[PDB]
Structures are given as C-alpha cells and as structure tokens.
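1. enclosed are the sequence and the experimentally obtained structure.
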Amino acid sequence: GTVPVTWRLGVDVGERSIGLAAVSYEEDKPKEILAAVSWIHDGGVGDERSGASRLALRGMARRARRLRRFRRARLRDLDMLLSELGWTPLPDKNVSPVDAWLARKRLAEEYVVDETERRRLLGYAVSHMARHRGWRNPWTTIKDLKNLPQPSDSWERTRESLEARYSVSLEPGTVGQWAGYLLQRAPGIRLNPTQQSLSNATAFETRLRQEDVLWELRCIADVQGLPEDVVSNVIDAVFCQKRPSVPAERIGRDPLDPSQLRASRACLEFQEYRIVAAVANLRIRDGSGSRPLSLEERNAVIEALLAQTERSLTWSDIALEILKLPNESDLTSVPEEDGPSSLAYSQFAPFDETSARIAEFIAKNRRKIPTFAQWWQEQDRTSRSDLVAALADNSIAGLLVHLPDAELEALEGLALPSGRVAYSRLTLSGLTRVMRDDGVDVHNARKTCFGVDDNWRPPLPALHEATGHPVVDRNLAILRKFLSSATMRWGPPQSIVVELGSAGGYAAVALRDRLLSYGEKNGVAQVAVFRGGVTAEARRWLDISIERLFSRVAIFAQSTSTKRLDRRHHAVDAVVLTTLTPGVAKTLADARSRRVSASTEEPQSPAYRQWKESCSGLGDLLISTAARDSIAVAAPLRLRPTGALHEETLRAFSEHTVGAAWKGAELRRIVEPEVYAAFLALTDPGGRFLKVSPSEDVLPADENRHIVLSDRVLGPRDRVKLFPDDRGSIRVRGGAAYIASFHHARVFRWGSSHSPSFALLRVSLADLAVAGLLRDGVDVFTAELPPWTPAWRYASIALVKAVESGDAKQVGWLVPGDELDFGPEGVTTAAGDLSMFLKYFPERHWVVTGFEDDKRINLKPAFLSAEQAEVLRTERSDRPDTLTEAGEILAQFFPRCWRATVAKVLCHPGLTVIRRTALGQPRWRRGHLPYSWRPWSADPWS
RNA sequence: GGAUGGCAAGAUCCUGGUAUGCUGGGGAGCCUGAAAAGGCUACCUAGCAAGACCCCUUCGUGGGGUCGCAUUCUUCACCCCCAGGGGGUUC
DNA sequence: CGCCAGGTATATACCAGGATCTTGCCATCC
DNA sequence: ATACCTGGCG
C-alpha cells in the first residue's frame, strides 16, 4: 500500500518543538514538499514554574511515599523496643506541649530517682528524639555516626551564639536543653527557621545533625546510669536508617552477553582484563620487524603489572627493565585490526588498582584487620575476585565467607574504584583466559568466546527505545511517529538531515545513533547531524525571510528580523535542511562564525554553486506551500487519565444543619453523596441532577425536616458536612481538597440545527476517581459520571437543565492542546481586546489550553510563539517606545490570550477541531485513532 | 588530522533521608470579651495523593511485602519487536 | 445573566552519592 | 499556568 518515491527527511530539534519535513527530489532537485509540520511539545516539564520534569515530580512523590512507610515501620519497632524496656512514649493527646523538652533537659541535668518516673521520662525523650532525629549521611552507618565529633561544629557555634545572645551558659548543653529553656523563657519562639516568600525571630540557624542527637542521648545515658546493652540497642533503634542503593534494573547490560550486568570497575576480573588487553596489543622490533611477544615475555609483563603496588612502571620501563630490549623505541602497540601503530613511552602501564588499594589499606590499618589481612594473603585470585565483587555490590546494592564483624566495619572505610565497565564479569574472565592461553588480540578473543563479525561495534540503540532524558524523548517520540508514517505513505528516505540547538549534545548523539540503526536497517545513503545554526545562513543567503514568507506584520519600531515569531519556522528549517550534505554545511558554518567575529561579500566554492543552482526552486516552493496553508503547527494530545488526582492542600469542612435554610451554593457543597441525593430529591422529586442556581435560596428553614437514608434518618438539628468552597472538591483523608486541572471537557449541544446552543462539561481526574472509572476497559470521554461528581455539580445550569430534559447530547470531547481551525471564515464573534488583536494578526488556528469557568474555554493562537511575545512584554516595560502598535497588542495579549465564551466559539458553522497525523495531515475518517470533527454538525454519541 | 593515558565541569534520573507545610487530635504562653467563643505566636501527636493487589498463616478476625502523578493518539481495532516489556497506525 | 477583564492561590526546600550520559582541558606518541 | 474570585456594563 506504499508508493515508492525518492525523498529526503529533515529534522530541526528545538528545546520545546521539532520541525519535521519530507521532501521529494528530482536528481538532486526538490520538486514537492510532501509534508512539513512543526510539533510543539513541552520538553517533559510537569510544573512549568518549577521547571521540574514530569518524571522527576513522579519520582519525588514515589520516594516520599516510601520514606513515610519506612518511618512508620521504624517507629512501630521503636515502640516495641521501649515497651518491653518499661518506658512509655508520648501519648497522642492530653500532654503538655513542653513535656518532651522538659524531659530531654531534666534527664541530661539531674539524676531522676523514682524508677517509674524515670522510665516514663525516658520513654518521652526517646520517642520524641526518634520522631525528630536530625540529619546524617545516608551512606554511613550507626557505628559510623558514633565516631564523629560530638557535639557538632555547627552546634558548638550555635550554642556559643545562644550563650552570648541569652546571657546564660547551659551545661553541657544539649539541644533539648536549649529548646526547653527557650520554650520556658521566651514563649512562642520558633525552633527551626523557615522561608515563605516576613517578620519573626527563630532559635536555631542550621539543621541539627544526628550526631548532636546521639550526643544528647549519651548524655542522658551517662546521667541516668543505663547499661551498655539497652543504650546501644535504643540508639540502633532511633537512628535506624535504610541504606541507599541502586536497583539492579538500572545497571547497563553486557552487549556481548545481555544476560549479564556491567561489572564494577573495582572488579579483579576487569583489572586483569585491562592488563592482558594492554599487553596483547604489543609488538617488538625485529628488523624491518615486527613480531608478537613470546609467551614468556607476555606472562612476564603481565605478572610485573599485576604485582606492582603503585602505578610507576612506564612503557619505557617495560621495554628496557623487563623485556631487556636495547632502546625504548623497539616496543610499540597496535589498537585496531589493520590500523596505525604508535605508543607513548612516557605514559604509565595499567596496574591492578584495587589489589594495591587493599595492599596499602592492610599495611596501614593491619592491627584493625588481622584475620582479613592473613586471609587476603594466602587465598588465590579466584576467591579474592568474588570477595572484591561482593564488597563492591554490597557497597552499592545489590557476602561471603567467614566474616568477623570487628574487621568488617573497618573494611567499609575502604575506597574502591567507583564506576562500571562496558563488559560483564564472566565475559572479562573468559576473554582473558582466551587472550592468555592463545596469545591473541581482544578483537579475536571476542570471536573465540562469542560468534561475532570482524570487526563489530556494540549494537546501536533503535528508535523505539528511550533515552531517559525527558526533553530528548519528546523529540524522539514525535520523530519516530513521523518517520514510520513517512515510510508507510511514501518510500524509505534517501538521506536524513538533523539540526540541534552539551545539553543538546547528548541529544545529538542519541538521535544520531538511533537514526543510524534505522538507516543501516532500511538502507539510507547519508544521515548527518549539524550544530548549530546552519539553517540561518542557508536561508538568509538564499533570501528566505520567515516574516516575508508568511505575511506577518512588523513588530518593532525598527527593521529587525522576527524569525522566532511564527512557530512554523521550525518546519521551514526542516524543509531547507533536506537540501544539505556534510560538506555544504561545513563551508556554510565556517562562514557564519568567520563573519560574526571578524567589502565584504562571501563565500563561493565548487560545492556551494552546485548547491545553490540545485536548490534555486525552494524560494517559490515555500511561497506556494505556505499560501495553501500546508505548513501545520501541532501539539500532541494527553489522553491518558493519569496525574494528580486532586490538589495537595487539605482543607477543613464547614457544617450545616438539616433544618436550616439552604441556598444553591450550600447544596452543591454537600459532602456525603447520599445526603446530596436526599437534598436533590427534596429540591425536585423526579430530578436526576441538581438544577439550582447558587446565590439564591431554594429551601426554607423547615423546622421538622428529616432526610431518610439507608444508613440512618437525620433530624432537623443534625449537621451535615459541607465543602469549604463553592468549587469542585472531593474528600480525601478526612479533609476537603479541590479537584486538580481538568483532564478533558465534553461538548454537548441542543436546540435547532440552524441555531444550536452549546455547553461544556469540565471533567477532572477527581471526577473519574470518585466514579471509579479508572478501572480497565473504560472510555474516559464517554462514560456517565454520576450527578454527584464535581463535574455535574458545577456544570452550566443551562447545560444541566438541557441534559435532563433529554435535548442536550454529548457530541464531542475537547482536551488541552487540540486544534480549532475556524476555516476561511475565521473568528466572527470577535469583540473587545480580541478584535484589536485580530486586526493585526488574522489568526484562524487556535489551541485549547484550559476551561477557565463553566462558560469559557481558553484558546491561544497556534502559529504565534509565547516566548517571543513574553520577550516583547518584558522589553516594553524596560525599554518603551520601541514597538509598533501591533507590538503593544501582541505584548498585552499573550500572558492569557483568548478567554473565550464557549457560546461565541462553537457557534461557527463549519469550524473544525483538527486532529493530525504525525505527518501533519488532519485525520478525517472516523477511525480508531482520534479524528477531526465539526461541533456544528456531528453525530451524537451512540 | 589519528592513537593513547589522565583531569575537570556540566546534564538526566535513581536511592535513602532533613526541616518546614496542610488537615485531624492536643494544650505552654498571650490578646480581645462582665460574659459565651472564638482568634494569636510556639510546641506535642497521627496522616499525606483516591486506591489496586499479593504473601505467610502458628489461622493472630491480626500481621509482613510490592505497585499508585514517567513513557503526551484513554478504551475499543489492526501491524510489529526480541512471553513479559517496548513500538506503529498513512487522510 | 452574557460577556469581558483584572486579580490571585497553588506544597517547598535542603542533603550525599550512585547509575547513565555529554563537553572542555592537559600530556605524549605517530 | 490554570481555575478560581470579583465586578462593569449592557
């Protein structure tokens, strides 16, 4: 079903956008622009204001959940430890706010005599300390915490500052002492500081260290006379912290054996592998040489490198002191099969760094590790290998033989080489055995152990596998969708050109490799990437002006080039990129910098004249193509019903008596859905929906009003909980929380065909949550939401009377980002500040951004860039008078653009909501992927 | 313009934690009130997405573990990849 | 009320140190 | 930035 055509692909990668183009060629001459679209993605940003990516915000929330859960676990274990001890935690209720501190300071000052009062005061103190234990390095241990200066340097300075500030010195004194004393002397004092950006005085500057809290705990242990047993146990209980780790899923796998994980660099197998590979590439002068090394010489230098305790032996030392060759020039190396030969004689040869680090650690700290020292003496290298890998894999998760503890806690103070290596451990071991037994290069050892071509590079990643970087993946997803659809509609491309704007250098390498795998699979002659501004010179030396290509008005009181203005330029950059070859971009990019840094008109060369004569046609191809409005700006749609279910701040409920008078606002606010349905029945007995207008009473103060429920019957003085605010809300964890942003909106309409009324139902994730519609197999856009859901509670009253009367039916659904093409007739309901905007920017393509209230929808122009308009707005307020009238208009408009009344939007015969293919062509057929439709005339659901 | 050894900085997440914050439950100090009932500034305590599942059972009517704000066309339908994950759908 | 148009609240900020990546620099050998 | 508030003007 694909018609083969000779074409070229062009990609222009931006920070928040990507320009894609498929262009057919004659010979090397462009005849027609098959497709040219500029997709506008978000860069993976989840909170636009923070800048945090969606992925990051998710991970933060995940780790917060697990922090809370582990804290629950250790606190319940602490309660279990100080039950059998005989102590008593702080009860949740009925205590004094200053009992914990009064405890923690008396226990550190005086010896409490009564054993019961001692035990409860201790229970108070340790319970509170575990609940407020301070900070420490997650990688260190409790026995490591015990070995730090106690008290802290920060705490000693804070304490000296407090002693001079409050004119009192406290022995010893602990942070509990100063806290309880300041909560006595100057009440209302805040302990740790905070910033919320006004006027207040705190008691502490820096975060308190767990070492200070442990210091206070041992002060109490000394003063109260506690045995070594229980004091050690309770410190291990209060400062119990899970040790950080990498999950085994995040380590790369070995390309030669994908069943195995990348080894640690500290690995003994790797140290041997590196030395054996370094020597296996050595050659010795025999004339008019050269020769491989004899088995004896190779073993000699391998053992000489393995045994050394420092990295001192150079290659000159190998060539003279070991191989006994006359001069250093008689030894060289060859790195590749059929490649050049060189060797720096001054450089050092590799050595086993981990065995040497263990050697110096044993020689320095031998008293502390007597059995390990003797162990690593006589054990052969196959056992040492497993031990070193166990040390590395427990030092990063991630045992093994006859381990005494006393030595083991010093063995964790050992610094081994960090980082991982390309190949697995068993792979290194096998490659060394073949290189040692057969005296052979690494490239032939590869073939001996595994069946592999000569030579072969480790496999390059494909398009359908991610980069982990959220900014690069938006580009990757759009690109692979476009390229798949282009290979299906037309032929596979002949050339692929990509341009980037180290932040995008990684993006360059990732995109390049994935397109290289694509090319060697589907057969593309040339695939090139370029940095960074090759297209700007290509254009403005071929006289392609983007404000002249698209007839757009001047913007400044100057004659500046407004190229970032129209978001279609990404596409046109793509289309011009398809005309390039590495040499032409070479000679153009040189000239750009040659000019911008240092009569006069430039350049010309045999490739440049050929390029220009072959590409002369584009000047008019672009005019014709932009005239027919063939260039499309698109925004991908977010349909997945995932994200924040509700706003995060819990809010306190209000209450309302059943017998009192009600208004519409107070009835929409009823929390219980059963109580809600009861009052909806009392407001209209045959009604399915709440048809009340807020700000206006609908029920009297019926003194004998009862509402019968299957739970219970309520009396006229009973109280029912109400949400705090007359806005879409839900109940989570005993509080009220506003719904989050709307997932989508459903477009209903009713009335005559020649003049119909429209309305929107603003559907949120809280709506789908309470309706239990997040199960499998649900269509979130057409699945009835009960009348109690916040969506129906806050629909337009016109809508809720029209839907219950059966006249209104769901006709479509809108989701943030999709496109509103008002066709050739354009916005006719223009009024106010919008119309003065349309006199200078005649925009017909609009993008949905939100659903502000129960009667409006938020639209931004699709072709104009928000960031450039912000540039203008910040510019006029700092440098005024430097704008045209259209510049002032564009500056004032864009922060919120069109905040349109839905009534004045959907009343456009034919207006099309456009849903594009990756190639930028509107789907018209009512297929399984989302498709275009017209609100004025579209078959209702079912 | 190649090869090799080393250094530094940056980027993206991942793991474990620290203070705040919010709601519920408390009460040291305090200001308005003849009250009566509510605000203040701190501190103590539980929880922090709604939820979906497993496991071990000594069967405790109680306990241990995972997933839950990413992968921008949900769900339904076709075409693909090396029996679970990842992709594409031309207007 | 229909239709605009201004104004404003949202959870937020640290830590050390792995895994996965990129640039830029230094030096010594062809 | 998004979804709330108030409020003018007819």
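-> Yes, it's here. Residues are numbered from 1 along each chain as shown, chains lettered A, B, ... in the order given.

2. if you count neighbours, what's buried in the helix or strand that residue A:480 is a member of?
-> Assigned by DSSP states H and E, residue A:480 belongs to helix A:470-489. Neighbour-count burial for helix A:470-489, counted by 16 or more other CB atoms under 10 Å, picks out A:470-483, A:485-487, A:489. Every residue, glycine included, has its C-beta placed from N, CA and C.

3. what's it packed up against?
-> strand A:7-13, strand A:17-25, strand A:30-40, helix A:54-84, helix A:505-522 (3 or more CB pairs under 8 Å, 6 or more residues apart in numbering; DSSP states H and E).

4. swap in 10 Å and give it another go.
-> When contacts are defined as 3 or more CB pairs under 10 Å, 6 or more residues apart in numbering; DSSP states H and E, helix A:470-489 packs onto strand A:7-13, strand A:17-25, strand A:30-40, helix A:54-84, strand A:495-500, helix A:505-522.

5. the longest one close to RNA strand B?
-> Yes. Helix A:54-84 lies in contact with RNA strand B when judged by CB under 7 Å from any atom of the strand; the contacting residues are A:54-76.

6. which residue does chain A have closest to RNA strand B?
-> Here chain A gets closest to RNA strand B at one residue, residue A:59, 2.0 Å apart by CB to the nearest atom of the strand.

7. count the residues that sit near the residue nearest to residue A:617 when sequence neighbours are not counted.
-> Leaving aside its sequence neighbours, residue A:617 sits nearest to residue A:30 (CB to CB, 6 or more residues apart in numbering; 6.1 Å). Using other CB atoms under 10 Å, residue A:30 has 21 neighbouring residues.

8. shouldn't the residue of chain A closest to RNA strand B be in contact with residue A:53?
-> Yes. Contact criterion CB atoms under 10 Å: residue A:59 and residue A:53 qualify, at 9.2 Å.

9. give me the more crowded residue out of these two.
-> More crowded of residue A:59 and residue A:53, by other CB under 10 Å: residue A:53, with 18 against 12.

10. what residues sit buried inside stretch A:927-937?
-> For stretch A:927-937, by 16+ other CB under 10 Å, it's A:930, A:932-936.

11. sorry, wrong one. I was asking about stretch A:733-753.
-> A:736-740, A:742-750.

12. cool, stretch A:8-15 as well?
-> A:8-14.

13. and stretch A:393-406, by the same measure?
-> A:393, A:395-396.

14. what's around the residue of chain A found nearest DNA strand D, how many residues?
-> Using CB to the nearest atom of the strand, the closest approach of chain A to DNA strand D is made by residue A:850 at 2.4 Å. As a burial measure, residue A:850 scores 16 neighbours (other CB under 10 Å).

15. run through the bridge partners of the spatially closest residue to it that is not a sequence neighbour.
-> Residue nearest to residue A:850 in three dimensions, not counting chain neighbours: residue A:858, with 4.1 Å by CB to CB, 6+ apart. Residues in a beta bridge with residue A:858, per DSSP bridges, are residue A:850, residue A:899.

16. one step back: out of the helices and strands packed on helix A:470-489, flag the one nearest residue A:344.
-> helix A:505-522 (27.8 Å; CB to CB).

17. how far is the closest one from where the chain is centred?
-> Distance of helix A:505-522 from its chain centroid, counting by CA atoms, centre = their mean, to the nearest Å, is 22 Å.

18. can you name the element that comes right after that helix?
-> By DSSP H and E, the next helix or strand past helix A:505-522 is strand A:526-531.

19. if we can go back for a sec, so of the buried residues of stretch A:733-753, which ones are in strands?
-> Counted as lying in strands by DSSP state E, out of the buried residues of stretch A:733-753, are A:736-738, A:742-750.

20. nearest to residue A:241, of those?
-> residue A:737 (31.6 Å).

21. isn't the closest one up against residue A:769?
-> No. Assessed by CB under 10 Å, residue A:737 is found out of contact with residue A:769, at 11.1 Å.

22. give the residues shared as contacts by these two.
-> Common contact partners of residue A:737 and residue A:769 (CB atoms under 10 Å, 6 or more residues apart in numbering): A:645-646, A:730.

23. quick one: buried residues of stretch A:127-134?
-> So, applying 16+ other CB under 10 Å, buried residues of stretch A:127-134: A:127-130, A:133-134.

24. tell me where the stretch 151-300 of chain A has strands.
-> Here the stretch 151-300 of chain A has its strands, by DSSP state E, counting those that start in this stretch, at A:282-284.

25. er, the stretch 651-800 of chain A actually
-> A:654-657, A:662-663, A:697-699, A:707-708, A:713-714, A:719-722, A:729-732, A:735-738, A:742-751, A:756-764.

26. which stretch among the ones you listed comes nearest residue A:413?
-> Smallest distance to residue A:413 across the strands of the stretch 651-800 of chain A (CB to CB): 46.7 Å, for strand A:729-732.

27. can you give the strand pairings for that closest one, parallel or anti for each?
-> The pairing partners recorded for strand A:729-732 under DSSP bridges are strand A:735-738 (antiparallel).

28. how far does the partner strand sit from its chain's centre?
-> 27 Å.

29. for stretch A:749-762, same thing?
-> Counting by CA atoms, centre = their mean, stretch A:749-762 comes out at 41 Å from the chain centroid.

30. circling back: want to throw the buried residues of stretch A:8-15 into CSV with distance to residue A:619?
-> Formatted as CSV, the buried residues of stretch A:8-15 follow (distance: CB to CB, whole Å):
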residue, distance to residue A:619
A:8, 18
A:9, 21
A:10, 17
A:11, 22
A:12, 19
A:13, 25
A:14, 24
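
31. any residues of the stretch 801-942 of chain A in contact with DNA strand C? List them.
-> A:829, A:831-834, A:855-856, A:892, A:899-901, A:903-904.

32. kindly recompute the last result at 6 Å.
-> With the criterion set to CB under 6 Å from any atom of the strand, the stretch 801-942 of chain A comes near DNA strand C through A:829, A:831-834, A:855, A:900-901, A:903-904.

33. what do you get for chain A?
-> Going by CB under 6 Å from any atom of the strand, the residues of chain A near DNA strand C are A:50, A:137-139, A:244, A:246, A:250-252, A:262, A:342, A:344-346, A:396, A:418-420, A:502, A:505-506, A:509, A:647-649, A:798, A:829, A:831-834, A:855, A:900-901, A:903-904.

34. so which of those also contact RNA strand B?
-> Okay, of the residues of chain A next to DNA strand C touching RNA strand B (CB under 6 Å from any atom of the strand), that's A:138, A:244, A:246, A:250, A:342, A:344, A:502, A:649.

35. wait, the second one sits on residue A:139?
-> Yes. Contact criterion CB under 10 Å: residue A:244 and residue A:139 qualify, at 6.2 Å.
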